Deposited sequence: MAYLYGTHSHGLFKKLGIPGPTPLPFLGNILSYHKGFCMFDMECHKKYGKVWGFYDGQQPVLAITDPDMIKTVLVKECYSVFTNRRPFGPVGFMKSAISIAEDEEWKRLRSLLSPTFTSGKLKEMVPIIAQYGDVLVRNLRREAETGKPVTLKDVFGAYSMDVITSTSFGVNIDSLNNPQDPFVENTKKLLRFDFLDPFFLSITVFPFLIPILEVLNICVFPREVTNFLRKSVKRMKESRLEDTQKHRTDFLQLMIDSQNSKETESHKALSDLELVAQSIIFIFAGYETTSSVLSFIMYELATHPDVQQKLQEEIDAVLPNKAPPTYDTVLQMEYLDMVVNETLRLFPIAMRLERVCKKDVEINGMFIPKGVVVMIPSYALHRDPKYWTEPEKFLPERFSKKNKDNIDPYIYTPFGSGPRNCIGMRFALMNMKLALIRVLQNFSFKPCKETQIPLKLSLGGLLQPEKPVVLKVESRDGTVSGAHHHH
């Protein structure tokens, strides 16, 4: 069961000794982030471990990281680890490979430009207002407030409107079908029984595909596929992502088909829905446990936007401390945790040989808390991202959205989305720890970056 478990001993590369068949997976008992920090401390700048029989080489040298994510991206490090069983969701850009990915990224890039994002800001702003009305009703009843729920509704509202023109107050229609289905598109727990097993028996992935078993719930995807097929034909008569993609089908590429279009629509929901609500919850925890930060930010918002003035695209990008608070929260909680690329050819990068087929992994969470780059890394200190101090911040250490050609395509949208929500809420409310607030917050031990206990806070109206 150790066909390939001698690879890192041969390369003279250090690392935790793997068990037969399991490789190192038993060390995931404390989750991805703990394993990566320990390996970093124990073994230093480079190490290896085995996901079953798959060798994973962790790298932490920023130059080596830039080779992987930027320099040799197209040549050597184009793809991520095979992810399935996926079915027709194989055509989603985040899952595609090589030339198919290159085409899809090209066909989809114009959809995410700052110009398009600016055009979508009025829609996103509408649902900040929906958020405040629903936040107030819970602020008007002295009842603690679980963040993930209120931001969940908000993220849902943004998604349905910006991707399909569906305009729903999802917290108050939690049971409309379109909410009912998209609500199921959550982050995957890559350490749950299923996804672990796929690591111990990946030779079982093609078997699942042949049985039409898919990691994306088949009902939800079918619901959306016909819904998209319905909208596409209704709009044909008489801003949203769907319309942008429909427009792109009217031109040097082949063009995206109808099924390629549905796969993007689904993957954007999946990428944005629970991620956005998770970060917003982490941000609010940091504000409630750091009231001066919350006060200073509330004063900054009030300066750019007096009389609780509605935020716009340009005023959002005017707010520095807002940017610093968002970025410092993404440093402590980089919710993807790791970046990965498959090494597709025998190569050598900055004087290290990398055998074809190794997964090169960048442990983002662990680097965000490295003392060798971040003083007092455990503390929420937004000053690190001040305009004076950002020059010493290495874009290859801080990678909440990845880097290079395969970085998060939704990065700009997601930052603007979250900033719009924080502005509107903070113009209206302050956020206070309850007795039931977990302090300090503790991270879950599974394959998701989330708190052990849900974040619950007091929400008082600024009247």
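Residue ranges with no C-alpha coordinates, please: along the deposited sequence, counted from 1, in order. Several stretches lack coordinates - namely 1-5, 244-248, 262-265, 478-487, in sequence order.
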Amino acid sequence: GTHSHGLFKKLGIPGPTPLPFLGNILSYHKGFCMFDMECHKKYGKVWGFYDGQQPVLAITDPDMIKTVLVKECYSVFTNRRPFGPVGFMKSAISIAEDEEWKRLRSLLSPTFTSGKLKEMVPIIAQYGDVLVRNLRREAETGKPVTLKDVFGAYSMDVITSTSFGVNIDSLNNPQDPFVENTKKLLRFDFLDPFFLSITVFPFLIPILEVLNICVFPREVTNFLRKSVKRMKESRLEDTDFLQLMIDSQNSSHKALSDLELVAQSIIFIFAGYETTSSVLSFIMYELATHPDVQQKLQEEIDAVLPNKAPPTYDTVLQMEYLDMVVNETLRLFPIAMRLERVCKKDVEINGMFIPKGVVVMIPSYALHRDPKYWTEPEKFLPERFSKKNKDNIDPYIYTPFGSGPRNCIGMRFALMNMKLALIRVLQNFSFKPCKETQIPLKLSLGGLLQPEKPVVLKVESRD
From here on, numbers count along this sequence of modelled residues.
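Give the stretch, out of 304-312 and 133-141, with the larger mean C-alpha temperature factor in the deposited entry. The deposited B-factors put 133-141 ahead on the C-alpha mean.
Mean Cα B-factor comparison, 406-414 or 60-68, giving the higher one as deposited: 60-68 has the higher mean C-alpha B-factor.
Which one of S161, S278, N389, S265 shows the biggest C-alpha B-factor in the PDB entry? Among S161, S278, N389, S265, the PDB entry lists the largest C-alpha B-factor for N389.
Residue with highest C-alpha B-factor in the PDB entry, from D157, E376, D192, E100: Reading the PDB entry, the winner on C-alpha B-factor is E376.
Ranked C-alpha temperature factor of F385 among modelled chain residues, by third: Middle third by C-alpha B-factor.
Classify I439 as lowest, middle or highest third according to the C-alpha B-factor given in the PDB entry, relative to its own chain. Answer is highest: the recorded C-alpha B-factor places it there.
Going by the CA temperature factor in the PDB record, which third of the chain does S94 belong to: lowest, middle or highest? Ranked within chain, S94 CA B lands in the lowest tercile.
Classify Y127 as lowest, middle or highest third according to the C-alpha B-factor given in the PDB entry, relative to its own chain. According to the entry, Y127 has a C-alpha B-factor in the chain's middle third.
Once the chain's modelled residues are ordered by C-alpha B factor and cut into thirds, is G447 in the lowest, middle or highest one? For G447, the deposited C-alpha B-factor lands in the lowest third.
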